[PDB]
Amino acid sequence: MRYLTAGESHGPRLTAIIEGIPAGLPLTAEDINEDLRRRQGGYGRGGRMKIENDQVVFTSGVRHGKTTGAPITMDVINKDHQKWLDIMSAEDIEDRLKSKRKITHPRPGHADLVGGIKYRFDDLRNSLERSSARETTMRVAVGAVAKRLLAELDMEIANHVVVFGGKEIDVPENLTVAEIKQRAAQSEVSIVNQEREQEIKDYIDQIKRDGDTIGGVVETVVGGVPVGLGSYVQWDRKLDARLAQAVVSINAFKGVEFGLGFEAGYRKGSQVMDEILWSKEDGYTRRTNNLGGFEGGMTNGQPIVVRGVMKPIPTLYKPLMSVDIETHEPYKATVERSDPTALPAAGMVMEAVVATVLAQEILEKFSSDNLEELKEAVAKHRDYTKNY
């Protein structure tokens, strides 16, 4: 299974094509819209998010509620585009109008300047329009399709904020994936423990009044995973490593870690390995989950636990120093529309990207031209695993 996303922030619309989903999967637009809606939200996002109402339009690969195995195409319109018809026209317009919203003041922390050097642009809007996170809308759309697959295979996934601009959220011990998703869904900041709900909001508004931005750490958990997805025989077959690329490819993300993660570099061997247990009732399991679901680049059957750090949004309403690309003189950075933080939204993109890599791995490991054989292949493999 593979895919490509396309579209510009202020273009007419976004598009994604997914090639390789099995035939037979029940799939509706509501299956996608629920996640699209979750991605637009989170306390701290404003502006564009109150202008868009992201919903999907399928134009291929889905027939009468089920996929057919053909490429699936999903669209999401940009309502805002009616204000950028000339500026973002595909066709040429007269010289004289091109100057409009032309960007020559790169913003620190964004792709503007380097995208201009690489692609040799005279207008950095040509870097901005694609590098913008509006694109994550289609990543979530692809992840919602991936999630339908995981749901048919009795797997569960959830995401929650565990660090918000420095505030470490004390998560209760031994929550199920279902509990994580339900608690988190009740918060406007995706935290499982809310006595901090009002405290974090206040802070986002401080930061907001203060004219600054914050980021944090988001955690994705996956339950019911089959054992032996990924492989140690070659470096690029390791599933944790595959997930690492996908997480870090999310706009603003600067790191990814599994289970204890970086803490594992501060502890002893005996405090980190997860002992192996067996029962006639359940077959193999592990006493603890410090490795976050992976042994040797492979799923061991415990929950997958991965965290990603999102740096603060680069756009500051209180600029920062930059340089004017036409004069080479220092100046403040351009101020494009943005928010004090988009962390909860980033955690939804993270959930979608993890689900997507997972679904890719499942489709590669098991017979999967169609849902029936895949579901059969997975049941058989879970029976084998249980009785090993």
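Numbering starts at 1 and follows the sequence shown.
Of the two segments, 112-120 and 91-99, the one listed with the higher mean B-factor is 91-99 (C-alpha atoms only). Comparing 241-249 with 194-202, the higher mean C-alpha B-factor in the PDB entry belongs to 194-202. Across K147, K79, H160, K311, the entry's maximum B-factor at the CA atom is seen for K79.
Comparing the listed residues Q234, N174, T136, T299, the entry records the largest Cα B-factor for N174. The deposited CA B-factor of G211 belongs to the highest third of values across its chain. In the PDB entry, a CA B factor belonging to the highest third of its chain's modelled residues is recorded for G47. When the modelled residues of the chain are ordered by C-alpha B-factor, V225 sits in the middle third.
Ranked by C-alpha B-factor against the other modelled residues of its chain, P26 falls in the middle third. Among the modelled residues of its chain, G283 has a C-alpha B-factor that falls in the highest third according to the deposited record.
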